[PDB]
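One structure is given below, encoded as structure tokens.
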Amino acid sequence: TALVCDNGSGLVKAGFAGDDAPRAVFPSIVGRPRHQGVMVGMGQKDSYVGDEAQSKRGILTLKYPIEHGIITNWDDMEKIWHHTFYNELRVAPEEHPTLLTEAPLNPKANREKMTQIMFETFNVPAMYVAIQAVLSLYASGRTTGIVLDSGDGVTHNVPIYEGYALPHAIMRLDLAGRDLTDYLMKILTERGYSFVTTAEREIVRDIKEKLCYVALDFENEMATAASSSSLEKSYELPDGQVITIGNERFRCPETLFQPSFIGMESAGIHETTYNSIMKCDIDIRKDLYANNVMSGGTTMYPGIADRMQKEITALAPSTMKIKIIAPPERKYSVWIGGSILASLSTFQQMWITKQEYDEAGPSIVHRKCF
Amino acid sequence: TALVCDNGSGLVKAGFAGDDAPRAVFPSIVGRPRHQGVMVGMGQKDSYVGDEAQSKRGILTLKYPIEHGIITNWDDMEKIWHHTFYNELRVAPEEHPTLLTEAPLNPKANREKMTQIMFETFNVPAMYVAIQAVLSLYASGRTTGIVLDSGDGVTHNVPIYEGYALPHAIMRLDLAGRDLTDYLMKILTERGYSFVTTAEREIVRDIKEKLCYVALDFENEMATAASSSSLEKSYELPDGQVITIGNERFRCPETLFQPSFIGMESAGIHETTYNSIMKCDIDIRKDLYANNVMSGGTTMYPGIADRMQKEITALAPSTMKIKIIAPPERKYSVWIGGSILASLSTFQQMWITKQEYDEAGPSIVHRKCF
Amino acid sequence: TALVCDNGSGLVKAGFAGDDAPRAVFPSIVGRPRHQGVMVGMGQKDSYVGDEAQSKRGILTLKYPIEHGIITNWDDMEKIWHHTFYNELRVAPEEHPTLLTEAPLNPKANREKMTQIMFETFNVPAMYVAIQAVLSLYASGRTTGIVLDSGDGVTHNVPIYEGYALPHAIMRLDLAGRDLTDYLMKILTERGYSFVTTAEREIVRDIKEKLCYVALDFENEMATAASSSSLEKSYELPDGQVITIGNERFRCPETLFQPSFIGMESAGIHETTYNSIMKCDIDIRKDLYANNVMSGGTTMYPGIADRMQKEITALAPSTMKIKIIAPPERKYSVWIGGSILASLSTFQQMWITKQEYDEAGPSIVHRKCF
Amino acid sequence: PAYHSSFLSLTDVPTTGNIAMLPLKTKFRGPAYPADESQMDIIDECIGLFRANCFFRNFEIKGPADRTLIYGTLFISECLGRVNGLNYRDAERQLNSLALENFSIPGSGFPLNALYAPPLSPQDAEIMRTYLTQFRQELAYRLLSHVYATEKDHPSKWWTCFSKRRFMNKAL
Ligand SMILES: Nc1ncnc2c1ncn2[C@@H]1O[C@H](COP(=O)(O)OP(=O)(O)O)[C@@H](O)[C@H]1O
Ligand SMILES: Nc1ncnc2c1ncn2[C@@H]1O[C@H](COP(=O)(O)OP(=O)(O)O)[C@@H](O)[C@H]1O
Ligand SMILES: Nc1ncnc2c1ncn2[C@@H]1O[C@H](COP(=O)(O)OP(=O)(O)O)[C@@H](O)[C@H]1O
Ligand SMILES: [Mg+2]
Ligand SMILES: [Mg+2]
Ligand SMILES: [Mg+2]
């Protein structure tokens, strides 16, 4: 059986090929205790991962081994991969060919180190690295469209037409769910609340996951919030005290449409999606506007597809029909696409094998994958 | 029955002898993908032909195997002929004689390789190569006239009197609809619009086919457009953005009357027609003037027959009636007249046969097809 | 005296007629602040120009008002011309006639608005709009040649013989210095160096102008760089941190010879030059192959003339000398040619005067300039 | 006359529609029963007969073994159409891609839908597909050992010439 691992910046999602959803979905996190631990002999250990590290977040310090879709700590990454195979999937990796996911426009050394760890340390039969946008198109069941994926660390656009990607029209924005968590954690200070610890980052992420939404007209939501309490909602901290959140609840996600809120110069997700369509050839643009496929957890806000349709309708010429394709399974449409691709009968000659990694070395991944 | 295949420079026109019109009509194009084919399976092909290339064109480099009436790429021309027989007509070519066509004053080797591929690749039982302007005269119901035929790659004049061609008076001009399309790209660039790719060359060919027309007096039309909105009108691109054009609508076709617009040193199509009549013997000229026959898609402009009659009336002496015959079906007159010829009973003795090719090689065409 | 102002897509180059080199050479940039600007008395202003924008680039967003040799923002362009005359040259336009520059195959509304702004806003006595590449041939000391000109926004070929240009054989390519900068930002990401802001686009341009070079044998340099060696080299960013690059130094300008690296369907600069020579009349081709002239700063990569000579030698027939002319001053040769043309004692009938602009309006420029 | 399958002399052979699921030597996954590695099977027969059989223009079918040999003969003509100008490695990946891609079975664009029976049940169709995919992957892999026998970077012209020898004027 083949494994599929969607190696996300904020969540790991993992499973077998042909399963309709991941078997495992957990924080892409490693942690160490920050206190004396003087009551020894209750089963303590030097480091923790995933849901265990998340459940003890008060006494831990939490680190993500991935930053902006780049592995920043390779020891912590192999500790997470060991935990995927032995703790979560509960299988031997040397019996399972493994599909992996990556963002486009990544460092070449990231894909190579991800390759040599798989063959040298997990002894895998065969491996493949897929650009995570085309997997979102496989889950959508279509040959053509512009994929927008926004995960934890990165947002990116990939135009595909009739199975061909346009790699010059591909573009990435280093702004997604982590940066929106940092900005929510900043603007809650305007109401007098404080969040600074790595546990408090996760409390603000756990708020962002459920209170926040995208405004359909930001100045109107600001003006109505400046004249009524009806947009305010409330949440309880693990410590038991209660907080109330108002225009902060849409000013956070608005950063995707106004990146200048976090001091970035770059274009918003509507403007970058339109500019990626305009960077494509004149005949394909009609079928890209008809197929804006949304993907990844930062695309899960209420109202974001309606806002995206409003905005791309203002940028495009008025004669033609624009639609946003935003399934309920948005968070998993990458992994679901990997499940489909790893199950295709024609894909079984595309796996990069140990028996060709042997003579070529780690540079095999660049010549064989993409 | 026999196939008639008017494999012209821009459109293949094909069908059966005795049919009212061609039942296969498609771009004389092979398209090949110019981008990264990332999705496995997806119904992808190594190359595409005709309407399949024209509909996929946003991801394809498009090229015509035939330029100025000469086959430049025989591997893609076999690909086009295969598409005519097996995909577009749905016939065994080994069961049917084929009437082929070419322009006069072509290279000898074009006729030879064309007969060789028909007998050795397509295994045809019999074939013939007709001069395109001689075919167009049967479609007129005439046995004397001068035929001005202009396709995509070549314009030619052939004078015929009482079924005798005057081969010394035949004129060729390597200027027709593809040169007019290239010139329309060059002048659209002056109003604000750049068309550059082989795919964008098909958009501006479609603009030319429904916006452009021939002015009766170019300097009056040029002054009328320079001083009013009334000659200006618009077109919508695949991308839904709108192109407005004015004097470009009649400046493009005027290149047939003024070849110096594209840097050529030649007489226009009117004066080339008159020079062909004036190369004929003095007694036949009266009946050639009364029988100027228009043919091919580059004669389909509004006003071109009225202009051609005005221009030839200024060159000829006023003592006689100039008549321009421009049928509404002149888009297909070469094919129509090929279907007449291929259905005549004396023509059944004029075919090159398989047995006769096998005994003589491809040189048999030069001593049987004139 | 006459002013000469080369309106480059990347740098303004300006001076008086008869001077040996430009007096003013500065970025064709307007910059605006992108932050709150809280400090009173800081000397902040609403917008910045040229080297004043470039030296403030950390706090600004930087806009080039010329894209592909076309003014896209006229309000910021008249701000650039105001800075040129009143701050950089320090003269009154009301006293000096002005020679301006434009690329061939360019929207004629650009030339109209450009002449209108000089007579309406600057009240200039007289002016002209020379073709960019025709000036470079005066600076070359010649009257026969094909000029390959490549600036920041556009690359073009003008063939000219005995002082006559062949406008049907003029060719234009919308690929030059910025397209190579943007491709360098794209491929710098393969090392993990991220450059995304308009200020970082200037840092990557400042890298491109000293680290990049043209490979004579690209696929052999790709093989040579795989064995890590003196092919890889270092640069220090404004923050004091350092980057190392290898094959990115020659994949950078290889995009001139392979436009498919940025997804363009077009010939490289070698095949575009050869196609322009082969579009000229057969007798002049020998003298064009011996007089192939390079201009604009995108012709200033080490090894580009040696590689161009190698490529044109492989395309053309072997019997005749092929010579490429690449002066050390070729950065300025268009402005130098303007300094000659405005100085020549037989040019003074060719200026457009304010007196005939007041009769005809800005459409006067099409009667005088080409 | 033409050459028929020696495996028409076999009896009680497994069958789908009216294909015979004959014993097969192979390393591909699927339903076919392992043949003896020491003896000719239907693919050693089908490739050994093909370059004689593709010249005949008349063939009488003795049973389901010949219906299997004919489907193989038509698929060797497809392979020799697909293989031209390739390196041996590119040919292995192209002809496996050809073998694996979605094809018509008898009872569906099938060229011989008069001579072959439809699948006998909705489940007989799946065993017919899973047999024919395994068979034609092995048939592709085995052919390449003959067309790249003497040289490895160009297909032998002594096999590429049959690429237009359309058996009985039929093709897949
Ligand atoms: N419903 C939601 N609303 C807002 N943000 C969400 C939501 N669901 C997930 N996220 C955020 O998106 C990221 C997780 O989504 P995912 O697609 O799995 O990202 P990744 O693959 O890159 O790790 C985290 O930053 C998380 O906080
Ligand atoms: N209505 C039209 N108006 C102007 N040009 C036309 C028209 N219809 C066809 N053409 C042009 O005629 C050419 C095709 O004519 P055709 O006779 O089929 O040429 P060919 O035989 O050489 O392939 C193309 O350049 C096409 O754009
Ligand atoms: N030393 C150099 N080496 C390589 N490229 C250079 C060099 N100097 C300038 N350039 C190129 O020239 C561009 C600057 O524009 P310029 O040559 O003056 O053209 P323009 O007239 O259109 O403004 C740069 O972005 C770069 O592409
Ligand atoms: Mg992700
Ligand atoms: Mg024609
Ligand atoms: Mg310039």
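Within each chain, counting starts at residue 1; across the structure tokens, chains are named A, B, ... in the order shown, with ligands numbered 1 upward in that order.
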
**Request:** Could you give me, as JSON, numbers by chain, the residues within 10 Å of residue C:332, counting only C-alpha atoms and dropping anything in the same chain fewer than 4 positions from it?
**Result:** {"C": [6, 13, 14, 21, 22, 25, 136, 139, 295, 296, 297, 327, 328, 336, 337, 338]}

**Polymer residues at most 9 Å from residue C:193, only C-alpha atoms, same-chain spacing of 6 or more positions, as an MDAnalysis selection string** = (chainID A and resid 107) or (chainID C and resid 185 243)

**Message:** Residues of chain B within 6 Å of chain C, counting only C-alpha atoms, what are they? List them as a list in words.
**Reply:** residues 190, 191, 192, 197, 262 and 263 of chain B

**Asked** Which distance in Å separates atom CA of residue D:20 and atom CA of residue D:94, to one decimal?
**Response**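 Going from atom CA of residue D:20 over to atom CA of residue D:94 covers 26.7 Å.
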
**Asked** How would you write, as a VMD selection string, the set of residues no farther than 9 Å from ligand 2 when counting only C-alpha atoms and all ligand atoms?
**Response** chain B and resid 6 to 13 25 27 to 28 66 to 69 132 149 to 155 176 to 181 202 204 to 213 253 295 to 302 330 to 334

**Request:** Using only C-alpha atoms, find the residues of chain D whose closest atom to chain B is at most 12 Å away, then write them as a PyMOL selection string.
**Result:** chain D and resi 82+94+97-98+100-102+163-165+169-170

**Residues within 7 Å of stretch 154-156 of chain D, only C-alpha atoms, excluding chain neighbours under 6 positions, as number ranges by chain** = D: 84-87, 147-148

**Request:** Using only C-alpha atoms, determine which residues lie at most 10 Å from residue B:370, disregarding the query and same-chain residues fewer than 5 positions distant; provide the list as a list in words.
**Result:** residues 129, 130, 131 and 365 of chain B

**Asked** Skipping near chain neighbours, those fewer than 4 positions away, what residues fall within 7 Å of residue C:34 using only C-alpha atoms, listed as a PyMOL selection string?
**Response** chain C and resi 59-61

**Asked** Using only C-alpha atoms, which residues sit within 10 Å of residue A:96 once same-chain residues fewer than 2 positions away are excluded, as a VMD selection string?
**Response** chain A and resid 1 to 4 16 85 91 to 94 98 to 99 123 to 127

Could you please take those selected residues and save C-alpha atoms as a CSV table (one decimal), in the first residue's frame?
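Listing of again.csv after writing:
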```csv
chain,number,residue,atom,x,y,z
A,1,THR,CA,0.0,0.0,0.0
A,2,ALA,CA,1.3,3.6,-0.8
A,3,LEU,CA,1.4,6.3,1.9
A,4,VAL,CA,0.4,9.9,1.3
A,16,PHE,CA,-2.9,5.7,2.6
A,85,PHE,CA,4.8,6.3,10.6
A,91,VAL,CA,3.2,1.0,10.0
A,92,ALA,CA,6.7,0.3,8.9
A,93,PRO,CA,7.8,3.0,6.3
A,94,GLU,CA,10.2,0.6,4.5
A,98,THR,CA,5.4,7.5,0.1
A,99,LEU,CA,3.9,10.5,-1.7
A,123,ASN,CA,14.5,3.2,4.2
A,124,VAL,CA,11.4,3.9,2.0
A,125,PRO,CA,10.8,1.6,-1.2
A,126,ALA,CA,10.0,4.6,-3.4
A,127,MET,CA,9.0,8.3,-3.0
```

**Request:** List every residue of stretch 23-198 of chain B that DSSP, applied to the backbone of this structure, assigns to helix (DSSP H, G or I), and report them as JSON, numbers by chain.
**Result:** {"B": [51, 52, 53, 54, 55, 56, 57, 58, 59, 74, 75, 76, 77, 78, 79, 80, 81, 82, 83, 84, 85, 86, 87, 88, 89, 93, 94, 95, 108, 109, 110, 111, 112, 113, 114, 115, 116, 117, 118, 119, 120, 132, 133, 134, 135, 136, 137, 138, 177, 178, 179, 180, 181, 182, 183, 184, 185, 186, 187, 188, 189, 190, 191]}

Write out as an mmCIF file with C-alpha atoms, in the first residue's frame which residues come within 12 Å of residue D:52 when counting only C-alpha atoms, dropping same-chain ones fewer than 2 positions away.
```
data_model
loop_
_atom_site.group_PDB
_atom_site.id
_atom_site.type_symbol
_atom_site.label_atom_id
_atom_site.label_comp_id
_atom_site.auth_asym_id
_atom_site.auth_seq_id
_atom_site.Cartn_x
_atom_site.Cartn_y
_atom_site.Cartn_z
ATOM 1 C CA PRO D 1 -2.543 -20.432 -44.625
ATOM 2 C CA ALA D 2 -1.913 -18.183 -41.566
ATOM 3 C CA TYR D 3 -0.547 -19.572 -38.241
ATOM 4 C CA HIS D 4 -2.991 -20.342 -35.371
ATOM 5 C CA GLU D 45 3.828 -17.457 -29.539
ATOM 6 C CA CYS D 46 2.091 -14.110 -30.343
ATOM 7 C CA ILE D 47 5.385 -12.203 -30.961
ATOM 8 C CA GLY D 48 6.961 -15.250 -32.757
ATOM 9 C CA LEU D 49 3.984 -15.528 -35.184
ATOM 10 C CA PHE D 50 3.181 -11.752 -35.539
ATOM 11 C CA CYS D 54 0.571 -9.606 -40.325
ATOM 12 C CA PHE D 55 1.021 -10.371 -44.111
ATOM 13 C CA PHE D 56 -2.002 -12.720 -44.451
ATOM 14 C CA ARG D 57 -5.440 -11.229 -45.418
ATOM 15 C CA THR D 73 -1.503 -9.404 -32.740
ATOM 16 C CA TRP D 159 10.663 -4.678 -36.586
ATOM 17 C CA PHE D 162 5.551 -3.919 -39.607
ATOM 18 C CA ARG D 165 1.196 -3.936 -41.650
ATOM 19 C CA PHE D 167 -3.405 -7.347 -39.540
#
```
